[PDB]
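> PDB entry and its sequence, pasted below:
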Amino acid sequence: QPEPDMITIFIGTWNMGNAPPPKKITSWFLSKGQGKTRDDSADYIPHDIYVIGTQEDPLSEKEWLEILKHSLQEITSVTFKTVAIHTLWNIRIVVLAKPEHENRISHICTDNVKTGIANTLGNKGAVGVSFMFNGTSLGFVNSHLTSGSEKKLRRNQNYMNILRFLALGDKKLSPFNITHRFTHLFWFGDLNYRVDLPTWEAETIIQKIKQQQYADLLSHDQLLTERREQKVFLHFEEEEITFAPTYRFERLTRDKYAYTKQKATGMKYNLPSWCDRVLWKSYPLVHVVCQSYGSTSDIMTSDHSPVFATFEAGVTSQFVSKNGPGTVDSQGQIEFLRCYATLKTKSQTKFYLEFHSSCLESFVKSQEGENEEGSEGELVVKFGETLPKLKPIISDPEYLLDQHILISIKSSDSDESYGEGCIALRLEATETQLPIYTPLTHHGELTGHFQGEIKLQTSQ
Ligand SMILES: O=C(Nc1cccc(Cl)c1)C(F)(F)F
């Protein structure tokens, strides 16, 4: 029974509007409705993993698990195993997997983050799940961000709090937040970014939606504009949106957008918006392909429509050799040549690097670099040919070329990371000096760059 090198992952996000679901929700899990939809010929083919995020979920965990599992069994004739379920207030994440995957899944973690302070603490935040699928780490975040058209900055702040404080994946990766801990990270939810057009244009926007003409609406979507200005979700991907805004509908039909201000809305307008989103970030040169991204048309209990996204995702096997795990393999080495970090910091400590990777027995600290001044004001930290030779546990190129090195640049004075990045070992050649590059971030914001050359020796 061979180990897979690809899986498919279903991601769902639905703000249920505090109402029970209708009796049939199968269109959601089938990626049917509007947008990039799944071929009818695939309807009986189960996804390997289903990750369901809800917001404003009124159900108990048990109630929702029974609906989800019975839905999937009706579609696929497979009884899915529950990997994890975690709820914060009315924000929930469920992970289901095909039974064949039970002994491929391990290291399951769950956590939550509550956003805001006093007034603004009490219903917004995020839940998440991580686990290993054979040799591949997977992370999943369902967030319900702050609502309201004039709170895009609060949403951006909610995002940074969630990525700083959500404790998922390998705790030994101490310098790294969730945006670096996983081979594949999926971040979805009621992100609550709005189409930023004047209130007076509500009926114009509705007209455009009825004509399926989204371009002049998407050019005002706050999440796209904030992402293009590097204010949020730096280094994440999103499929092109080709479905109608998923909020705010009159319940029990999809024929009407309910946008006008009401006491129940705090006297706020809810112009039609793409509140409900799926984004991802995968390590460099790992296979990830979005195969659906859309909304259902036939689930109408909520003022939001459910959103689906599906992905092909590359996975690796749990590799054993005669040597590692449990020792090094002397036929393997990773060398860094001519490396330097460019940092945006105004500070003047010395810096050292840490290299973290599950291809090493443990993380490696470098010597301090040599600080120089860049021609445009920058700090340049030079490592030269001084970096420690990395000793991987396994030399086989079928393993090593699929690995990644996480890099943190840390202050000698404080041992605090000033920037984190990731280098793929999926090189064009071995035993050959090749350029490498990663941007460096801290708290998910750009703090600099790391570049140089690599020389990878495998057993071949
Ligand atoms: O641990 C659970 N599930 C689980 C564990 C390992 C593999 C798989 Cl497939 C599922 C829980 F939370 F449901 F009890």
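Looks like it arrived, so ask away. Residues are numbered from 1 along each chain as shown.
> Can you give me the distance of residue 161 to residue 362?
Look at residue 161 and residue 362: by Cβ to Cβ, to the nearest Å, they are 30 Å apart. For the C-beta atoms, the positions are set from N, CA and C on the backbone; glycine is no exception.
> residue ranges for the strands of the stretch 101-250 of the chain, please.
Secondary structure of the stretch 101-250 of the chain (DSSP state E, counting those that start in this stretch): strands at 105-114, 125-133, 136-144, 184-190.
> packing partners for the last one?
The reference is to strand 184-190. Packing partners of strand 184-190 (3 or more Cβ pairs under 8 Å, 6 or more residues apart in numbering; DSSP states H and E): strand 6-15, strand 49-55, strand 136-144, strand 276-282, strand 307-314.
> Please name whichever of those strands is nearest to the ligand.
strand 49-55 (9.2 Å; Cβ to the nearest ligand atom).
> Quick one: work out the angle between that closest one and strand 307-314.
Interaxial angle, strand 49-55 versus strand 307-314 (axes from the mean of the first three to the mean of the last three Cα atoms, to 10 degrees): 150 degrees.
> Same list (the helices and strands packed on strand 184-190) but as TSV, adding distance to the ligand.
Output for the helices and strands packed on strand 184-190, formatted as TSV (distance: least, Cβ to the nearest ligand atom, whole Å):
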stretch	distance to the ligand
strand 6-15	13
strand 49-55	9
strand 136-144	12
strand 276-282	22
strand 307-314	17
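> any chance of those in CSV, plus mean neighbour count?
Below are those laid out as CSV (neighbours: other Cβ atoms under 10 Å):
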stretch, mean neighbour count
strand 6-15, 24
strand 49-55, 28
strand 136-144, 26
strand 276-282, 23
strand 307-314, 23
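> will you turn those into CSV that also has distance to residue 399?
Formatted as CSV, these follow (distance: least, Cβ to Cβ, whole Å):
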stretch, distance to residue 399
strand 6-15, 17
strand 49-55, 23
strand 136-144, 13
strand 276-282, 19
strand 307-314, 14
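> which residues sit in contact with residue 83?
With contact set as Cβ atoms under 8 Å, 6 or more residues apart in numbering, residue 83 has these partners: 49, 95, 96, 97, 105, 108, 129, 131.
> scratch that, residue 449
Going by Cβ under 8 Å, 6+ apart, residue 449 touches 341, 342, 437, 438, 439, 440.
> Kindly confirm my reading that it is in a helix.
No. Counting by DSSP: H, G, I helix; E, B strand; the rest coil, residue 449 is not part of a helix but strand.
> gap between it and residue 234?
13 Å.
> Would you mind listing the residues in contact with residue 67?
21, 25, 59.
> Can you name the residues of the stretch 51-200 of the chain that neighbour the ligand?
81, 82, 83, 84, 97, 101, 102, 105, 108 (Cβ under 6 Å from any ligand atom).
> I figured the first one hits residue 100, correct?
Just to be clear, that refers to residue 81. No. Counting by Cβ atoms under 8 Å, residue 81 does not reach residue 100; the two are 9.5 Å apart.
> hmm, back to that, which single one of the contacts of residue 449 is nearest to residue 226?
residue 439 (17.9 Å; Cβ to Cβ).
> host element of that closest one?
strand 434-442 (DSSP states H and E).
> Any buried residues in that strand, and which?
Neighbour-count burial for strand 434-442 flags 436, 438, 439, 440, 441, 442 (criterion: 16 or more other Cβ atoms under 10 Å).
> what's the closest non-adjacent residue to the last one?
Right, residue 442. Excluding its sequence neighbours, the residue lying closest to residue 442 (Cβ to Cβ, 6 or more residues apart in numbering) is residue 419, at 5.4 Å.
> What is the burial count for that neighbour?
Applying other Cβ atoms under 10 Å, we find 26 residues neighbouring residue 419.
> Just list whatever residues bridge to the nearest residue to residue 315 once chain neighbours are set aside.
Nearest non-adjacent residue to residue 315, counting by Cβ to Cβ, 6+ apart: residue 136, 4.2 Å away. On the basis of DSSP bridges, residue 136 is bridged to residue 133.
> what's the spacing between residue 368 and residue 411?
From residue 368 across to residue 411, the span is 10 Å (Cβ to Cβ).
> Need the overlap of contacts for those two.
350, 351.
> Turn the strands of the stretch 101-250 of the chain into TSV, columns for distance to residue 346.
TSV is the format used below for those (distance: least, Cβ to Cβ, whole Å):
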stretch	distance to residue 346
strand 105-114	30
strand 125-133	32
strand 136-144	32
strand 184-190	31
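> and the lengthiest helix in the chain, C-alpha only, in PDB?
Criterion DSSP state H: the longest helix present in the chain is helix 61-76. Output in PDB follows, covering the C-alpha atoms of helix 61-76 (Å, rounded to 0.1, in the frame of the first residue of the first chain):
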ATOM      1  CA  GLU A  61     -19.700  20.200  18.600                       C
ATOM      2  CA  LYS A  62     -21.700  17.000  18.700                       C
ATOM      3  CA  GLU A  63     -24.500  18.400  16.600                       C
ATOM      4  CA  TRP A  64     -22.200  19.700  13.900                       C
ATOM      5  CA  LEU A  65     -20.000  16.600  13.800                       C
ATOM      6  CA  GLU A  66     -23.100  14.500  13.200                       C
ATOM      7  CA  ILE A  67     -24.200  16.800  10.300                       C
ATOM      8  CA  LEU A  68     -20.700  16.900   8.800                       C
ATOM      9  CA  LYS A  69     -20.000  13.200   9.000                       C
ATOM     10  CA  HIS A  70     -23.400  12.100   7.700                       C
ATOM     11  CA  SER A  71     -23.100  14.700   4.800                       C
ATOM     12  CA  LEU A  72     -19.700  13.200   3.700                       C
ATOM     13  CA  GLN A  73     -20.900   9.600   4.100                       C
ATOM     14  CA  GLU A  74     -23.900  10.400   1.800                       C
ATOM     15  CA  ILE A  75     -21.600  12.000  -0.900                       C
ATOM     16  CA  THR A  76     -18.700   9.500  -0.700                       C
END
